[PDB]
S.K.: 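Take this structure, written in structure tokens, and hold onto it; I'll ask about it next.
In this chain, numbering begins with 1 at the start of the sequence shown. The figures that follow rest on heavy atoms only: side chains count, while hydrogens, waters and symmetry mates do not.
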Amino acid sequence: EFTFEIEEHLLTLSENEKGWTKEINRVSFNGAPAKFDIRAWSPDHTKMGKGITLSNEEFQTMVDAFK
């Protein structure tokens, strides 16, 4: 019904008292090619929290804009 895989870890932005991290990763959803994903993760990365997935074009638009 739904699958995910962290294909590459890029950056951790913060971590909270419960060990959950906000990360920027390349994540494959339902076997699709991995996309940028900014999201909270459990310590062993088997639970995901709220976040956003961005296409390469969307992520590049963001980076060019603020720097």
Side-chain angles (χ1 to χ4, degrees), residues 2-16 18-66:
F2 159 76
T3 66
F4 66 96
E5 167 81 343
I6 296 171
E7 304 285 347
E8 187 188 6
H9 173 66
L10 307 177
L11 182 68
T12 295
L13 299 177
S14 73
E15 179 183 334
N16 72 14
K18 295 318 152 215
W20 283 59
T21 54
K22 282 181 183 176
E23 303 181 6
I24 303 182
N25 297 314
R26 296 282 247 154
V27 176
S28 169
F29 290 100
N30 307 324
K35 302 152 82 103
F36 287 97
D37 192 69
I38 312 172
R39 184 173 311 270
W41 294 91
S42 79
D44 67 5
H45 297 90
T46 66
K47 299 178 157 59
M48 48 163 64
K50 297 133 151 203
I52 189 152
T53 307
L54 299 180
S55 68
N56 299 336
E57 195 79 10
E58 283 162 358
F59 193 86
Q60 273 317 127
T61 300
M62 172 175 71
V63 186
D64 301 356
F66 293 90

S.K.: What's the spacing between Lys22 NZ and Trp41 CH2 if we round to 0.5 Å?
M.R.: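 The CH2 atom of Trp41 is 14.5 Å from NZ of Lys22, to the nearest 0.5 Å.
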S.K.: Have a look at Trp20 and tell me which of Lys47, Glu15, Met48 forms a side chain to side chain contact (heavy atoms under 4.5 Å, CB included) with it.
M.R.: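 With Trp20 as partner, side chain to side chain contact (heavy atoms under 4.5 Å, CB included) holds for just one option, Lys47.
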S.K.: Which atoms form the tightest heavy-atom contact between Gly19 and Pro43, and what is the distance?
M.R.: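 Shortest heavy-atom contact: O-CG, 3.5 Å.
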S.K.: Which residues pass the side chain to side chain donor-acceptor pair (under 3.5 Å) test with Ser14, not counting sequence neighbours?
M.R.: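 In terms of side chain to side chain donor-acceptor pair (under 3.5 Å), with neighbours along the sequence ignored, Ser14 is linked to no residue.
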S.K.: Name all residues meeting the side-chain contact (heavy atoms from CB on, under 4.5 Å) criterion together with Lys50; count only those two or more places apart in sequence or in a different chain, and write none if there are none.
M.R.: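 Once residues adjacent in sequence are excluded, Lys50 has no partner under the side-chain contact (heavy atoms from CB on, under 4.5 Å) criterion.
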S.K.: My understanding is that only residues two or more places apart in sequence, or in another chain, count here; which of them pass side chain to side chain donor-acceptor pair (under 3.5 Å) with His9?
M.R.: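 Expected list: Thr12, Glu23, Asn25.
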S.K.: Shortest non-hydrogen contact from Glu58 to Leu54?
M.R.: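 Shortest heavy-atom separation between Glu58 and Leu54 comes out as OE1-CA, 3.4 Å.
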S.K.: Can you tell me how far the NZ atom of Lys35 sits from the CG atom of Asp37, to the nearest 0.5 Å?
M.R.: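 Output value for this atom pair is 10.0 Å.
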S.K.: Any donor-acceptor pair under 3.5 Å linking the side chain of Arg26 with the backbone of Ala34?
M.R.: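 Between the backbone of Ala34 and the side chain of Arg26 there is a qualifying donor-acceptor contact (under 3.5 Å).
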S.K.: Out of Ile6, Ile24, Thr53, which one pairs with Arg39 under the side chain to side chain contact (heavy atoms under 4.5 Å, CB included) rule?
M.R.: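 Looking at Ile6, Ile24, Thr53, the match for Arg39 under the side chain to side chain contact (heavy atoms under 4.5 Å, CB included) is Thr53.
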S.K.: Would you call the rings of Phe36 and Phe59 parallel, tilted or perpendicular if under 30° counts as parallel and over 60° as perpendicular?
M.R.: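 Plane angle under 30°, so parallel.
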